[PDB]
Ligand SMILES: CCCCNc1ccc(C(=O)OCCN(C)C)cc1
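Take a look at this single chain, the form solved without this ligand, given in structure tokens.
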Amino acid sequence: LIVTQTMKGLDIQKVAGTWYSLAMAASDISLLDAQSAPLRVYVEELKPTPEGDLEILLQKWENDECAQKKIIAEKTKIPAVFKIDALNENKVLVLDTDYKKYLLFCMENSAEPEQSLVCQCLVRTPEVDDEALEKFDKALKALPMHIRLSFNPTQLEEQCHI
């Protein structure tokens, strides 16, 4: 609930389709540190269910393979906040989006916020959009982020960004 910015009037239907994790940022270095870091995940596609929920198709370097995982985000009373699937009463907050280009969101742990806050900047195409990165940074200002990763076109087209 630290993320003071959330989007008003979110139409979860419109955010459906393919996305690229262009930039990542986290409050703790160890969260995004190595390629095998716990929260180093790459979004592939967002699939909203008619029941209001949101399926998230993502990738992660687990063993030595780029594994494809599927997380399901259940909707809450607030249309911009979601509860992800784990003991960890974790929330997925959508900060802003114009639906056609970018989408800014932040995963957070309700128990340990400042120790577990990861945000991302998703874009529709594998192009480095400066205007989306600008908005991402502005939303990051008041947040205690200590690591910020950014990716290039070539990395965006390969699995697990290699």
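The first residue of the sequence shown is number 1, and the count goes up from there.
The form deposited with this ligand bound is left out here; the points below concern that form.
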property: Any non-hydrogen atom of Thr76 within 4.5 angstroms of this ligand in the deposited bound form; result: no
property: Close approach of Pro38 to this ligand in the deposited bound form, 4.5 Å, heavy atom; result: yes
property: Any residue of 84-111 that, in the deposited bound form, places a heavy atom within 4.5 Å of this ligand; result: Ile84, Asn90, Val92, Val94, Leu103, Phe105, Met107
